Amino acid sequence: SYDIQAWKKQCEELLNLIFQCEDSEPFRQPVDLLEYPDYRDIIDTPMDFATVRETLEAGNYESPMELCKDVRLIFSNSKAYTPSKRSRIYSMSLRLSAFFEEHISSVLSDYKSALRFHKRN
Ligand SMILES: O=C(Nc1ccccc1F)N1CCN(C(=O)c2ccco2)CC1
């Protein structure tokens, strides 16, 4: 299964599934500072799923590893901002992270295999 470009549509479909998840709603738009006034004192690099989708659609990811790094930043930001490990929004982040990781693993494996096959000679 050695298509070097296949990851892009696979990531578009996975983002569609993430947008259908109720657990993604807090992460679909850049955080609002008017509600959470201390946010940029704690978080150096904001990230959200709409920014990920736009970056993919603009053709500004070269690999699914780069997309995976930005999605993992959404989750590390939520862990860095939570006052409690028993927070509603952090709790939604942990379920959504488990879902993401379960689905991205084959995308990454297939891409890396395709690359290796391209370099085989
Ligand atoms: O406001 C947020 N998102 C949001 C944006 C627009 C419309 C509606 C929304 F919900 N947030 C709150 C801050 N975040 C946290 O990860 C967190 C962990 C513990 C408490 O917050 C990120 C998501």
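By the numbers in Swiss-Prot, the shown part of chain A spans 1315-1435.
This deposition comes from X-ray crystallography, 1.1 Å.
Placement of Cβ uses the backbone N, Cα and C atoms for every residue, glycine included.
Residues or ranges marked as domain 'Bromo 2' in Swiss-Prot (evidence: sequence analysis): 1316-1421.
The phosphoserine feature in Swiss-Prot is assigned to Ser1315 (among others); the stated evidence is a large-scale study or a structure entry. For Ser1315 (phosphoserine), applying a Cβ distance below 8 Å and a minimum sequence separation of six or more within one chain yields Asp1424, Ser1427, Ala1428. DSSP classifies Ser1315 (phosphoserine) as coil under the three-state reduction.
Residues annotated as phosphothreonine in Swiss-Prot, with a large-scale study or a structure entry given as evidence: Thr1359. With a cut-off of 8 Å between CB atoms and residues at least 6 apart in sequence, the same chain places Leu1387, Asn1391 near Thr1359 (phosphothreonine), listed in sequence order.
Proximity of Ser1405 (phosphoserine) to non-local residues of its own chain (separation of 6 or more, Cβ distance below 8 Å) is seen for none. The phosphoserine annotation in Swiss-Prot covers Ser1405 (among others).
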